[PDB]
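Asks:
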Amino acid sequence: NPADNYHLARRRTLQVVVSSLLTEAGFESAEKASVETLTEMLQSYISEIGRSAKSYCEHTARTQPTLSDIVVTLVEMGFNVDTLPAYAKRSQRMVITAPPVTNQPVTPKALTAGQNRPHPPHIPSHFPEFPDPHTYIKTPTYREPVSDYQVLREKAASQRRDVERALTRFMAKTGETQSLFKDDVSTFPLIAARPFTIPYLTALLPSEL
Amino acid sequence: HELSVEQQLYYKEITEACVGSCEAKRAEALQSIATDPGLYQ
Amino acid sequence: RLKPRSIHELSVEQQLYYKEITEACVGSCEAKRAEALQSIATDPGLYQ
Amino acid sequence: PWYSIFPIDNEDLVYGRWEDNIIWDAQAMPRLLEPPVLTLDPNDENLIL
């Protein structure tokens with residue numbers, strides 16, 4: 024979680040500092056509540072020279088503090104500043120490392136490059152570009168229509184020929200049949216010629232009218 | 214849209230062959246339905 | 207009565223996107239593949 | 484693709500609830516059914532009109 028790592032990268036650096044300052048001419052294996060006590064007094068001490076040396080310089084109409092604003096800030100906290108050049112030149116002096124950076128890759132993204140659409144004149148050019156079509160563009164689409172007279176004539180012709188062939192083979196198979204050649208019921212079956220009673224009625228009369 | 218008389222007659226014969234007058238006409242009607250190429254429409 | 211001519215559930219920008227992504231993902235060029243693979247890996251509207 | 488390359492599926496099968504026509508109990512049938520008119524869908528090819 025990088026949210027609490029904004030605070031815990033610098034407070035757990037102050038925990039290594041107190042653990043390095045309680046080892047210099049001193050302890051090993053301290054109590055746990057005694058370390059979070061002392062690193063709370065350390066954070067509250069840096070934050071108090073921050074607020075008071077800024078207050079002493081801004082009282083003198085300035086914005087960034089000089090040396091004369093901190094040697095009056097440390098006097099008002101009771102520090103006895105003169106003992107500090109001797110403390111800085113210890114042989115036990117140690118350096119605690121700064122915390123690591125979350126964005127170690129820095130630039131690891133190939134990205135997704137998509138451009139479509141422009142800007143209406145109430146949006147200047149420095150605003151981000153309008154995104155791609157899939158985000159908000161919808162058009163219905165239909166099936167490919169075959170309006171060709173050649174293939175429509177071919178389709179109607181072949182369907183009529185196939186249905187009349189199927190009809191005549193079904194009627195020749197389920198009735199009396201004739202055959203020009205011998206053993207010819209499978210190939211070219213003829214519906215047998217059936218006598219009626221009044222042949223002129225089935226000859227001369229129209230059936231579609 | 215309306216069936217032509219050819220396929221209207223084919224529909225009539227095929228449906229009335231599967232109502233139960235005899236079994237042989239039913240078997241030939243089902244072998245027609247299963248094995249014809251143009252029965253769409 | 208004829209039922210209305212239906213439309214495909216993809217847009218033509220979406221259908222063109224599908225055609226470009228599939229013709230890039232058959233790997234004729236490697237940079238084309240890699241973007242198309244990242245596009246598959248993070249397009250939010252790649253459902254449907 | 485001024486014409487969709489992908490196949491178009493039956494909107495009724497893909498979307499409609501054909502499960503309201505399943506007759507689970509003949510006597511106690513929940514929805515009163517009605518005669519259906521022929522609709523001759525023109526999306527299907529192989530139909531002249």
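Sequence lines, in order, name chains A, B, C and D.
The first sequence begins at 24 in the UniProt record's numbering and counts up by one.
The second sequence begins at 214 in the UniProt record's numbering and counts up by one.
The third sequence begins at 207 in the UniProt record's numbering and counts up by one.
The fourth sequence begins at 484 in the UniProt record's numbering and counts up by one.
Even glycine gets a Cβ: it sits at the ideal position worked out from N, Cα and C.
(1) Pull up the CB-CB distance for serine 75/A and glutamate 99/A, whole angstroms please, since I reckon it's below 8 angstroms.
(2) Which one of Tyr223/C, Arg207/C and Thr248/C has the shortest CA to CA distance from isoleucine 160/A?
(3) Please report whether the beta-carbon of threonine 225/A lies at a distance below 8 angstroms from any beta-carbon of chain B.
(4) With a cut-off of 8 angstroms, do at least 3 Cβ pairs link the segment 236-248 of chain B to the segment 132-144 of chain A?
(5) Just to confirm the assignment, what range does the alpha helix (DSSP H) spanning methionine 194/A have?
(6) Check for me: the alpha helix (DSSP H) holding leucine 31/A runs from which residue to which?
(7) Run through DSSP, which three-state label would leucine 97/A get?
(8) Mind checking which residues open and close the alpha helix (DSSP H) that includes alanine 230/B?
(9) Please determine if the segment 54-63 of chain A and the segment 32-45 of chain A are in contact, where contact requires at least 3 C-beta pairs separated by less than 8 angstroms.
(10) What did DSSP end up calling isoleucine 214/A once you bin it into helix, strand or coil?
(11) Could you spell out the range, first to last residue, of the alpha helix (DSSP H) harbouring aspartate 503/D?
(12) At a Cβ cut of 9 angstroms, what residues of the segment 213-224 of chain C count as close to chain D, listed as they run along the chain?
(13) In this structure, how does DSSP classify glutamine 244/C when only helix, strand and coil are distinguished?
(14) Taking contact to mean at least 3 C-beta pairs separated by less than 8 angstroms, is the segment 150-168 of chain A in contact with the segment 209-222 of chain C?
(15) Could you tell me whether the Cβ of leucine 496/D comes closer than 8 angstroms to any Cβ of chain B?
(16) Using three-state DSSP, classify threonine 200/A as helix, strand or coil.
(17) Following the continuous alpha helix (DSSP H) through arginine 211/C, name the residue where it begins and the one where it ends.
(18) As a quick exercise: from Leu213/A, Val129/A and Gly49/A, pick the residue whose alpha carbon is nearest that of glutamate 199/A.
(19) Tell whether a beta-carbon distance below 8 angstroms holds between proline 490/D and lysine 225/C.
(20) Does any residue of chain A bring its CB to less than 8 angstroms from the CB of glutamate 229/B?
(21) So what does DSSP say about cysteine 80/A, is it helix, strand or coil?
(22) Would you mind sorting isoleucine 531/D into buried or exposed? The rule is 16 or more other CB atoms within 10 Å of its CB.
(23) Roughly how many angstroms lie between the CA atoms of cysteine 231/B and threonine 197/A, to the nearest whole one?
(24) Among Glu528/D, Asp492/D, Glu517/D and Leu496/D, which residue has its Cα nearest to the Cα of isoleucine 506/D?
(25) Identify the contact partners of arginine 211/C in chain A, using a Cβ-Cβ distance below 8 angstroms as the criterion.
(26) Within 10 Å of its beta-carbon, does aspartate 92/A have 16 or more other beta-carbons around it, so buried, or fewer, so exposed?
(27) Helix, strand or coil, according to DSSP, for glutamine 87/A in the structure here?
(28) Can you give the Cα-Cα distance for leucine 37/A and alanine 121/A, rounded to whole angstroms?
(29) With 9 angstroms as the C-beta to C-beta threshold (strictly closer), list the residues of the segment 146-160 of chain A near chain B in chain order.
(30) Going along the chain, which residues of its own chain have a beta-carbon closer than 8 angstroms to the beta-carbon of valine 174/A, five neighbours each way excluded?
Replies: In brief:
(1) For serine 75/A against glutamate 99/A, the beta-carbon gap comes to about 7 angstroms, under 8 angstroms, which counts as contact.
(2) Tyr223/C
(3) No, its Cβ sits nowhere closer than 8 angstroms to a Cβ of chain B.
(4) no
(5) 172-196
(6) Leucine 31/A -> alpha helix (DSSP H) spans 28-44.
(7) coil
(8) 218-230
(9) yes
(10) strand
(11) Careful: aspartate 503/D lies outside any alpha helix (DSSP H) and carries neither H nor E.
(12) Residues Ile213, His214, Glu215, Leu216, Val218, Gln221, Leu222 and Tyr224.
(13) helix
(14) yes
(15) With 8 angstroms as the cut-off, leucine 496/D does not count as an interface residue toward chain B.
(16) strand
(17) That residue, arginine 211/C, is in no alpha helix (DSSP H); it is neither H nor E in DSSP.
(18) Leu213/A
(19) no
(20) no
(21) helix
(22) exposed
(23) 14 angstroms
(24) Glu517/D
(25) Ordered by position in chain A, the residues that pass the 8 angstroms Cβ test against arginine 211/C are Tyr165 and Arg166.
(26) buried
(27) coil
(28) 10 angstroms
(29) none
(30) When the five nearest sequence neighbours on each side are left out, no beta carbon in the same chain lies closer than 8 angstroms to the beta carbon of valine 174/A.
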